[PDB]
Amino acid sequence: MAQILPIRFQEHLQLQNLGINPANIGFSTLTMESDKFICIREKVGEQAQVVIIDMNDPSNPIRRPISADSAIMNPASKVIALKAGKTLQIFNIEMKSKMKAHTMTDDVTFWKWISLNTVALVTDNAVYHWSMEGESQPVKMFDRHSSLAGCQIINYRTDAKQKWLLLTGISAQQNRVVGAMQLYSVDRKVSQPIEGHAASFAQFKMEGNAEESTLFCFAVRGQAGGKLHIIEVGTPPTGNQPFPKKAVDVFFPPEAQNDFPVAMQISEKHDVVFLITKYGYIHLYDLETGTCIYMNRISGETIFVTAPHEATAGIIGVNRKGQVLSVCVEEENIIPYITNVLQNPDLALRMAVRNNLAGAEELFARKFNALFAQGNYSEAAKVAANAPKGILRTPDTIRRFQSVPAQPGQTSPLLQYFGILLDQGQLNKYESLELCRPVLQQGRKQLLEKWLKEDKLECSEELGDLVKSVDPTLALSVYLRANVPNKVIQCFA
């Protein structure tokens, strides 16, 4: 079967161990706006309170009597947004002060922090955005599209720049839980309906572009089965190649009778899409190609709320038992898993270099060595310059390139390689020495002077000693940047 675990499945806390009534671990009584806090609304006895679990010391909840139709914590600060029917309030739990309130005209039918300081109020007819800053009041962003009329609103998301907003609701239409999404463009004041169950946006800088694309990923299970779509949203930064829209199907086994997507979070650190189904299944898809990397079942109960897990760049959620679960890529097993279990070494090397992950060292040496025969020193050096965890940025790799003669005409494979590196970035101690040694003989001061200024060489006492052999004056410069001891400077006395 599969033979290396590509993800980690962790259980950060078990809510009942905090003595939380399991009647209160649900959609309407439990919220998770970020991986920072969990907030439960409980009626202890005849009294109503709010239990706030700070995931950074979950062992110690914060309880407050607080009657509220709903409560949702800030994604990052001890600021809570309580809703009493139509009177919204934004209180500072931290210093018990009341930051700001507002009686809506109609009842907020779903709401949710969309950022460090803006709440999103979904009315029966419109979505607003309320900043927890100042005297400001709620600001309508758009009007609910009609495809979502009478829908149970389950989520609202935004792209990083809050220029594209997505609203989702589900219906039990004719014996299936059908999902309805409304994707509204802020800048182009337009709005369109998509059948979708779960989605998320992502910033993704394509190979060869200088700007991140803004992607919108969404999944659904329709008559034609479940599918996952990854499409760029809006107009590519000027000068960017566009991102080819993608579409992949998301499998459901027969046992997974009427399962359907329920949550999605994307790892910007690994460019992997995490999808959770109604019945507790989890899938990982490659964000750039939509390739399915892994599927399994982690929960039998439903994970009714989730959020990205910043520590691991994964996904964390809570299910009906009270388990606060999380899943993430095991950075040390995924490349090997794609190569050996997926038997997809091409996805593996891409994902590896793209994300600087390890496990494809043998494929990289292989690839370098291969290009070296063909004598494509230039392609060969691209590979050593970009392969992860500096696996080919070695002295031996310089000795390799140093060994092939400069036929009359073009540029040396070594100088070529050092070219790539100098572009790529900053060179080490060994590389700077090997780069400078010759040049220094060739009386080329100016050149090392620019490499220095443009800060491309990792100065060293040794690179300095070398230069002192040609420019004792140019030395001080490297030394003064090299972190040497006075003796080295006092010699210049």
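Residue indices: 1-based, along the sequence shown.
366-374 and 322-330 differ in mean CA B-factor, and the higher of the two is recorded for 366-374.
The stretch 81-89 shows the higher mean C-alpha B-factor when 81-89 is compared against 313-321 in the entry. Which of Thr277, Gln182, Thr411, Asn296 has the largest Cα B-factor in the deposited entry comes down to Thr411. When the CA B factors of the chain's modelled residues are split into thirds, the value for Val177 lands in the middle one. Sorting the modelled residues of the chain by their CA temperature factor places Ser34 in the lowest third. Ranked within its chain, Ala380 lands in the highest third, by CA B factor from the PDB record. The PDB entry assigns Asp143 a C-alpha temperature factor belonging to the middle third of its chain's modelled residues. Ranked by C-alpha B-factor against the other modelled residues of its chain, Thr238 falls in the highest third.
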